[PDB]
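# Architecture and fold: a report
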Amino acid sequence: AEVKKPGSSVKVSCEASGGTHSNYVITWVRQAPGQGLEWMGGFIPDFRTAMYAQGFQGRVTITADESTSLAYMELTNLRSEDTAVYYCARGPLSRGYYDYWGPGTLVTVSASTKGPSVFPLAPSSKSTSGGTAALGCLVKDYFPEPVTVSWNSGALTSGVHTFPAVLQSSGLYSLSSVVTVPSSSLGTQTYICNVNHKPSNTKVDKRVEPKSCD
Amino acid sequence: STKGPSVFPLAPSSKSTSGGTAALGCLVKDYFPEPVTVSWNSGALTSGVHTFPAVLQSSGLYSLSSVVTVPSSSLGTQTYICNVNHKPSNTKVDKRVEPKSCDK
Amino acid sequence: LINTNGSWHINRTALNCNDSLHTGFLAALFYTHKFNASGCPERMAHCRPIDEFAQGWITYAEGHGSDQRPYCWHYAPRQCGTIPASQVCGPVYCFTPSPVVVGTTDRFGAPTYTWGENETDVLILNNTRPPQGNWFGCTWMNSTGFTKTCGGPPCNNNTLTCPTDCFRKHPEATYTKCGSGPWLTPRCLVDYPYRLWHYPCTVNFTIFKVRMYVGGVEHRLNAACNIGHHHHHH
Amino acid sequence: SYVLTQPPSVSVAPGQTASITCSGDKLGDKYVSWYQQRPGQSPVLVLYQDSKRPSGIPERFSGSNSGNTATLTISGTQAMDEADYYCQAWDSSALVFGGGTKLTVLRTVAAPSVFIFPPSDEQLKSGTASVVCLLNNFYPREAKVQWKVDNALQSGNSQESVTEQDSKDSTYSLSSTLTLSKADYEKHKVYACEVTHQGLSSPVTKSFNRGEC
Amino acid sequence: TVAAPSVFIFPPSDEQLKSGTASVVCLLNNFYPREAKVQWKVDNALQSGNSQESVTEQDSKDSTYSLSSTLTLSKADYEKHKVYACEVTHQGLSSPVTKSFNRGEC
Ligand SMILES: *[C@@H]1O[C@H](CO)[C@@H](O[C@@H]2O[C@H](CO)[C@@H](O[C@@H]3O[C@H](CO[C@@H]4O[C@H](CO)[C@@H](O)[C@H](O)[C@@H]4O)[C@@H](O)[C@H](O[C@@H]4O[C@H](CO)[C@@H](O)[C@H](O)[C@@H]4O)[C@@H]3O)[C@H](O)[C@H]2NC(C)=O)[C@H](O)[C@H]1NC(C)=O
Ligand SMILES: *[C@@H]1O[C@H](CO)[C@@H](O[C@@H]2O[C@H](CO)[C@@H](O[C@@H]3O[C@H](CO)[C@@H](O[C@@H]4O[C@H](CO)[C@@H](O)[C@H](O)[C@@H]4O)[C@H](O)[C@@H]3O)[C@H](O)[C@H]2NC(C)=O)[C@H](O)[C@H]1NC(C)=O
Ligand SMILES: *[C@@H]1O[C@H](CO)[C@@H](O[C@@H]2O[C@H](CO)[C@@H](O)[C@H](O)[C@H]2NC(C)=O)[C@H](O)[C@H]1NC(C)=O
Ligand SMILES: *[C@@H]1O[C@H](CO)[C@@H](O)[C@H](O)[C@H]1NC(C)=O
Ligand SMILES: *[C@@H]1O[C@H](CO)[C@@H](O)[C@H](O)[C@H]1NC(C)=O
Ligand SMILES: *[C@@H]1O[C@H](CO)[C@@H](O)[C@H](O)[C@H]1NC(C)=O
């Protein structure tokens, strides 16, 4: 569904008593995909007092309106961990088993925004008959798309290969940039990746050189 | 274009004669648009009846098959009728799926 | 009116409860514990189970009793006419026997809508037998976190005060005549939605449907009764 | 902290009895509850207060709780009992849900029943011939059908249809139809359907000779 | 005009190790036939399910593709399994070819 911006707030609503006997207790349970059920809190229409779980003591607020006969929980400062399905259950008054689990509401958030991490790739220090060494730099853990990679102020573009970004399991992106160059030009020229990511104003340069070997 | 269905029998095996329950059916072909409804004798048979999803023919037409499994010994005296109803054409068609003569 | 039948009050209960004490009686409303998990038999061992060493030799005794918890059917509840609303936490159920709710009322009888917050609010409940009007007796939960009870007077080297039943220990004393609280028999309660919150040591009781005749009227009721260790039908 | 533990997964065959355990510290002093959840559906109560079952649940379900373990028992397990099961308890004014346990039932392999119906004379009069092959009551899904016309393999010019799975038996059906022109149909003698699929030692061929009877 | 791929393998950085994450990378340079396959075998033992692949498109005045394979290793996993190897299967090659390196950065 529509993705809520990080740091915002959401509301989950349920039917409630209109100002008379209820004979039920309401509760809220969140389920992350394939991670089981977690309780947040409960509410009693007869006694306006709520009951919050410990883990979410600081972000949940339960309040009900009797004219609309509707009780909702407000959750503030959502983070990447709070993407899940919310279930609203109504159980008997004093037996402590929840029945009639209502339709679930899905809520999704989009990670955060931060710059990339740049790393080099050591070229082969072993002599090659052909005379071709493949230097590379790897840009990973950035969000959102895209990033721009160049070599030596954009004056080197013969053989450059910028592979398309790939989605990581965590939720961020990875990308690589590789240049194949003559072997006899590894200790006489300076090779630098220039990575520019505007969404976070990140301009990072990194030299790439064969590692020290005796 | 509202082209009605064409029905053809799927007769049972020549003998296949054993406790080896036989099968028989009806093939509806060259109609548009979907769907049709297929009914057996008086629409009062539900055991061992299959009606496959309609397949798209080569020339933008359709085809579908209905097949029912039947004990062999019942073919001697009992009879089976396929009924196909197509609403766009408002056409109901009936056919008798008899066992082949198998003589020459 | 002052009372309300049909199992529907509106909001006029007394919403005055306490939070300083750490007992968490209010927090104990979502769930109830098992019979042996809450140490009931310590609190259930102070009253005599079946036959209370008596034979007999109709009159009413005022006496008094104001101290011990009303958790088993032995009691001598006193007469309560009016109670300040600053002490009540939750509905005040009074038994016709059929459960009935009384809400906060002003001194002169004017209904008040303040959720029991205003100081002057009181509850008028002049405990009286239905044959003369009103209800046998009734129950609620005090703000500090303990159950209370009240009702009519018990009737007529050992002793026996009968607030209810005592069929064989009296010339056929019945609930319609001597019943004070929600105790229909030594092991039966007048079930109502908040019964498990005022008597949390009757959780194991089974459900039952009953018919009763009081005076010249009939009441259809649902009661709670455990497995009595002699007999089902009498 | 209070935490409840359950086995991660349990596998049983149809008609057998399955047991799921929810464990804890002195759990026997609590009123446990059981929820059943199907993929993408809101969980439903299946047992409350150990052994008290609500209305609408079949008598197969049963439960018990003692010592440090609560056992949910299912008898006559069938394909509609594969799901996630969760154990609920109360402690220290806080709710605790046990780790979900996924119950899955191992299905068995069923050999297909295969038939070949030749074309009808009435259709043959219209210039188009159809030869149909039926594979019904088989499992698993992956089965392959190959047509043969006088030892000639057929590629294309064939339509394949498969129905939805049956809940009770967990079996599929498959119709494979071959369409030919009249002249082509009468330009050959022997027709054959060939089936290769699990549960068959060797591929099975059902053939006939047209123009005989 | 089938062209055999050129295979390279790059060790992890001297920087990521401080971040508690290792990332081995294996590169397949220009090769026309699209079909290909890489197989990570570390300490003569194969893995699957923890590697990802990226592919570009042939240049304008050319017809060859390029492919990269990234294998992610959790913290402390790179500390063992002395030997590492990338294996590639393809046409043109006489036999599948493996490029290997020792974790000692010899
Ligand atoms: C605490 O005190 C009382 C305890 O007695 C609590 O409960 C009483 O319960 C009443 C019944 O629900 C409540 O007043 C009701 O408000 C409803 C709201 O519904 C809408 O009303 C507005 C009117 O502008 C419109 O949107 C629609 O008409 C909706 O119906 C009413 O429906 C209900 O009865 C209505 O009366 C008028 C007709 O004269 C219309 O609104 C409608 O046709 C319907 O028949 C009634 O008005 C209220 O909670 C309370 N009673 C009153 C009189 O306030 C309260 O919750 C607590 N607070 C107060 C101040 O009582
Ligand atoms: C209703 O809420 C009220 C307050 O809002 C609570 O009421 C009772 O408060 C008293 C405190 O005094 C206490 O019960 C009685 O206390 C008596 C002394 O005040 C005790 O009697 C005698 O006291 C002697 C000196 O202390 C001592 O020798 C001995 O203790 C002797 O018994 C006696 O202990 C009484 O219990 C309670 O805190 C409370 N009464 C209870 C719990 O029965 C209370 O929360 C609610 N009312 C109830 C429950 O009746
Ligand atoms: C209902 O409640 C009480 C029951 O007696 C009566 O109120 C009494 O009012 C007198 C007047 O000063 C007080 O001194 C008493 O303390 C009160 N009695 C109590 C608290 O028990 C009230 O009159 C009763 N209603 C009647 C008699 O109709
Ligand atoms: C109920 O407890 C509170 C503390 O939670 C304390 O102030 C007092 O004992 C009671 N309430 C008030 C308002 O005094
Ligand atoms: C409740 O049941 C038994 C039998 O009355 C009692 O002795 C004990 O306190 C509780 N539980 C167990 C398991 O004994
Ligand atoms: C509260 O009761 C007092 C005494 O009757 C008086 O101030 C008024 O009636 C009420 N005030 C409010 C604000 O409820």
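Per the PDB record, the structure was determined using cryo-EM to 3.78 Å resolution.

Going by the annotation in the PDB entry, the name recorded for chain C is envelope glycoprotein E2, with Hepacivirus C given as the source organism.

As annotated in the PDB entry, chain A carries the name HC84.26 Heavy chain and is attributed to Homo sapiens.

The subject of this paragraph is the interface of chain A and chain E. Between chain A and chain E, the contact holds 18 residues from the first and 21 residues from the second. Within the residue set of the side of chain A that touches chain E, elements represented by two or more residues are β9 (117-121), β10 (132-142), β12 (161-162), β13 (166-167) and β14 (173-182) of chain A. Each residue belonging to the side of chain A that touches chain E can be placed in one class, and the counts come to eleven nonpolar, four polar and three charged.

A few words on the packing of aromatic side chains. A complete count under the given rule lists 26 aromatic pairs over all chains for this structure. Taking 4.9 Å as the distance between ring centres and 35° as the angle between the ring planes, the aromatic pair formed by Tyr93(C) and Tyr192(C) counts as tilted. When sorted by exposure, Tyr93(C) lands in the same class as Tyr192(C), which is buried. For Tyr192(C), a relative accessible area of 3% gives the class buried. Linked through ring pairs, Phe47(A), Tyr93(C), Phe95(C), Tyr192(C), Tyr194(C) and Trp197(C) together constitute an aromatic cluster. Over the aromatic face of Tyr24(A) sits the side chain of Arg90(A), whose NZ or CZ is 5.5 Å from the ring centroid.

What follows is about the site of ligand 4. Residues and elements named next belong to chain C. Taken together, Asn18, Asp19 and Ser20 form the complete shell of residues around ligand 4. The contact in question runs from an oxygen atom of ligand 4 to an N or O atom on the backbone of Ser20, over 2.6 Å. Relative to its free-state accessible area of 350 Å², ligand 4 is covered by the protein chains to the extent of 30%.

Domain annotation of chain A identifies domain 1 (9-107) and domain 2 (117-207). One C-alpha centre belongs to domain 1 of chain A, the other to domain 2 of chain A; they are set 50 Å apart.

On to the side chain of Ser177(A), then. Take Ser177(A): it is sitting in strand β14. When near neighbours in sequence (up to four residues on either side) are disregarded, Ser177(A) contacts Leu135(A), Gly136(A), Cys137(A), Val149(A), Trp151(A), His161(A) and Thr162(A).

If you add up the space inside the largest cavity, you get close to 130 Å³. Lining the largest cavity are 14 residues; nearest its centre among them are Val55(B), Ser63(B), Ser65(B), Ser175(D) and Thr177(D). Sorting the residues of the lining of the largest cavity by element identifies β2 (22-29) and β6 (62-70) of chain B together with β14 (158-162) and β15 (172-181) of chain D as the ones contributing at least two each. Here the lining of the largest cavity takes three residues from β6(B), the largest share from any one element. Looking at side-chain class alone, the lining of the largest cavity contains six nonpolar, seven polar and one charged residues. Of the voids in this model, the second largest cavity is the one considered here, and its volume is about 100 Å³.

On to the interface of chain A and chain C. Taken together, the contact pairs 18 residues of chain A with 21 residues of chain C. A per-class count over the side of chain A that touches chain C returns seven nonpolar, eight polar and three charged.

The next subject is the arrangement of the chains. Contacts are most numerous, across the five pairs of chains in contact, for chains A and C. With respect to C-alpha atoms, chain B approaches chain C no nearer than 46 Å, and the pair has no contact. One thing to see here is that chain B and chain E don't touch, and their nearest C-alpha atoms sit 31 Å from each other.

Moving on, we get to the sheet that holds strand β2 (residues 18-23) of chain D. Hydrogen bonds along the backbone pair up the strands of a sheet, which may run parallel or antiparallel. All names here are of chain D. In space, the three strands of this open sheet follow the order β2-β6-β5, with antiparallel pairing throughout. Both edges of this open sheet fall to β2 and β5 (62-66), since each of them pairs with a single strand only. Adjacent strand axes in the sheet meet at a mean angle of 15°, parallel and antiparallel pairs treated alike. Here β5 runs beside strand β6 (residues 69-74); their pairing, made up of five bridges, is antiparallel. Pairing of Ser64 across the sheet is with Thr71, part of β6.

Residues and elements named next belong to chain D. With respect to the secondary-structure elements, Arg53 resides in the loop between β4 (44-48) and β5. Remark: the alpha-carbon pair of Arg53 and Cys193, spanning 140 residues in sequence, is separated by 53 Å. Beyond its immediate stretch of four places on either side in the chain, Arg53 contacts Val46, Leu47, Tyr48, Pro58, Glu59 and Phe61. From its side chain, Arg53 meets the backbone oxygen of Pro58 in a polar contact 3.2 Å long.

Here the focus is the state of the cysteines. One covalent bond between the sulfur atoms of two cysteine residues makes up a disulfide. Residue and element names in this part refer to chain B. With the rule as written, the count across this model stands at 14 disulfides over all chains. Between the sulfur atoms of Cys26 and its disulfide partner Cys82 the distance amounts to 2.0 Å. The disulfide joining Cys26 to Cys82 has a torsion of about 60° about its S-S bond and is therefore right-handed. Taken together, the positions of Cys26 in strand β2 and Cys82 in strand β7 (residues 81-86) put the pair 56 residues apart, joining distant regions of the chain.

Turning next to the pattern of salt bridges. In the structure shown here, the tally under the stated rule is 14 salt bridges over all chains. Here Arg59(A) makes a salt bridge to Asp82(A), at a shortest N to O gap of 2.5 Å. Note that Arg59(A) is positioned in the loop between β4 (50-52) and β5 (60-65) and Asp82(A) in the loop between β6 (70-76) and β7 (84-91), a separation of 23 residues in sequence. In this structure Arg59(A) comes out as buried when scored by relative accessible area, which is 18%. In this structure, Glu98(B) and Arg96(B) form a salt bridge, with 2.9 Å as the shortest nitrogen-oxygen distance.

Rules of the game
Residues numbered from 1 in each chain as written, not as in the entry; some residues may be left out. Chains lettered and ligands numbered in written order. Heavy atoms only, no water. Residues with missing side-chain atoms left out of burial classes, pairs and counts. Contact = heavy atoms within 4.5 Å. Helix = DSSP H or I, 4+ residues; strand = E, 2+ residues; numbered from the N terminus. Nonpolar A, V, L, I, M, F, W, Y, C, P; charged D, E, K, R; others polar. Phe/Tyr/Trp six-rings, centres within 6.5 Å; stacked < 30°, edge-to-face > 60°. Buried < 20%, exposed > 50% of the residue type's maximum accessible area, 1.4 Å probe, protein only. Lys NZ or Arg CZ within 6 Å of the ring centre and 35° of its normal. Near = heavy atom within 4 Å. Polar contact = N/O pair within 3.5 Å; in protein donor to acceptor, adjacent residues only side chain to side chain. Areas by Shrake-Rupley, 256 points an atom, 1.4 Å probe, with all protein chains shown as cover. Domains from an automatic or database assignment. 1 Å grid on protein atoms, 1.4 Å probe; cavity = no way out; pocket = protein on both sides within 12 Å on 5 of 7 lines; lining within 4 Å. Points joined across faces, edges and corners; volume = space filled by probe spheres on them. Pairing = 2+ DSSP bridges. Axes fitted to C-alpha atoms, helices over the stretch in contact; angles between N-to-C directions. Disulfide = S-S within 2.5 Å. Salt bridge = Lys/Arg side-chain N within 4 Å of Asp/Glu carboxyl O.

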